[PDB]
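A.B. asks: Give me the fold of what follows.
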Amino acid sequence: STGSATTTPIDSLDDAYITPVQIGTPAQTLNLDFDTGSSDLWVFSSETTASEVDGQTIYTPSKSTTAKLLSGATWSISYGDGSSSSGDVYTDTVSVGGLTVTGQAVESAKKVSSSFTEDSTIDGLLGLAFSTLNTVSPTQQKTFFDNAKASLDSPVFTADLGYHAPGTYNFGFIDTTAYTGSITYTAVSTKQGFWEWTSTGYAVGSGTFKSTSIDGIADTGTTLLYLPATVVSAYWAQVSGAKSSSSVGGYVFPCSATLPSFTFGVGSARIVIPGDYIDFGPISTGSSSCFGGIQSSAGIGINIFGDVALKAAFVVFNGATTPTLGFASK
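C.D. replies: Numbers count the residues shown, from 1 in each chain. Provided below are the atomic coordinates:
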């Protein structure tokens, strides 16, 4: 089998992407944030504290003839941005772009943090990291990809995120029309439960490539590109007036600037992030100070190849017995 679904930016800055997901019988369609940096499929629901729901579409398990309470199971997750959610668990039928899994754990939120409530466009998350990170207790549950894998034509999914435009998540096949040149594959460590890999270096604008190992995660659920302070300083030094602002919480730059590109290495191959991808607009409405899309990972504890990086590539998440990651230009 295969599946193919369009993923759509939630706003004009590409802060996140939503993908429609069918849950239950008859189908209830929710718009979920596909997140390769976590491993829980959780949704706003009829069980979510009413004051914490503000415009989201909810899953109502009592209206699904295929929903079953997973007795005694609870979940609770905290994300890198400080947000969180928790609740209980149903199994139900879940379909993405024509690909159907029966008996998928659907984690129903009883509580969500303010960031989730305040974002009316995201109805929940669909985790695509390794199932070892799944938070369901006392019996850990599998991700949608893990459940689908054996049925897929090939045990892969691909992320093709757009810049200020829709893109695509495919399951079970590689669309050879969706990228240019060749796909370069690179080793993955699953030791921390992430799609963790080592970039071979970077360049800023038309500058020379610096060969240096940068370990980090391919994370579709993180907006920005988080890299070591040395690398980030080298980037922003090429932008007149850019500075790190403790009050704002990162590097800012004059909105009048033209940003240089940023290149990262994948083996001997190179992925170029155009300068415009690195502009996250005014820090507050009407400001001429703009927020940068490349930020320091110092104090996160891990480097993160988030959407800013991933959207410059066609990315293969290869879930073979020994997983790997592939990157192509597009």
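A.B. asks: Quick check: residue 147 is in a helix.
C.D. replies: Yes - under DSSP: H, G, I helix; E, B strand; the rest coil, residue 147 falls within a helix.
A.B. asks: I figured it hits residue 104, correct?
C.D. replies: Yes - the pair residue 147 and residue 104 qualifies as a contact (C-beta atoms under 8 Å) at a distance of 5.8 Å. (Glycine included, C-beta is placed from N, CA and C.)
A.B. asks: Between the two, tell me which one has more neighbours.
C.D. replies: Comparing residue 147 with residue 104 by other C-beta atoms under 10 Å, the one with more neighbours is residue 104, at 23 against 18.
A.B. asks: Now do the phi/psi pair for that one.
C.D. replies: phi -70, psi 140 (degrees, to the nearest 10).
A.B. asks: Over to residue 188?
C.D. replies: phi -120, psi 140.
A.B. asks: ok, now which ones touch the closest residue to it other than its chain neighbours?
C.D. replies: Nearest non-adjacent residue to residue 188, counting by C-beta to C-beta, 6 or more residues apart in numbering: residue 323, 4.6 Å away. The contact partners of residue 323, by C-beta atoms under 8 Å, 6 or more residues apart in numbering, come to 188, 190, 195, 317.
A.B. asks: Mind putting these into JSON lines with neighbour count and secondary structure?
C.D. replies: Shown next, in JSON lines, are the contacts of residue 323 (neighbours: other C-beta atoms under 10 Å; DSSP: H, G, I helix; E, B strand; the rest coil):
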{"residue": "188", "neighbour count": "21", "secondary structure": "coil"}
{"residue": "190", "neighbour count": "14", "secondary structure": "coil"}
{"residue": "195", "neighbour count": "26", "secondary structure": "coil"}
{"residue": "317", "neighbour count": "23", "secondary structure": "strand"}
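A.B. asks: Can you pick out the most distant pair from those residues?
C.D. replies: Farthest-apart pair in the contacts of residue 323 is 190 and 317; separation 11.8 Å (C-beta to C-beta).
A.B. asks: With only the CA atoms kept, save the helix or strand harbouring residue 201 in PDB.
C.D. replies: Here residue 201, judged by DSSP states H and E, is contained in strand 196-204. Extracted in PDB, the C-alpha atoms of strand 196-204 (Å, rounded to 0.1, in the frame of the first residue of the first chain):
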ATOM      1  CA  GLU A 196      19.500  11.800  14.300                       C
ATOM      2  CA  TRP A 197      22.200  12.200  11.700                       C
ATOM      3  CA  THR A 198      25.500  14.000  11.100                       C
ATOM      4  CA  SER A 199      25.800  16.900   8.600                       C
ATOM      5  CA  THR A 200      29.200  17.200   7.000                       C
ATOM      6  CA  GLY A 201      29.400  21.000   7.300                       C
ATOM      7  CA  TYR A 202      28.100  24.300   6.100                       C
ATOM      8  CA  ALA A 203      28.600  27.500   4.000                       C
ATOM      9  CA  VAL A 204      27.200  31.000   4.400                       C
END
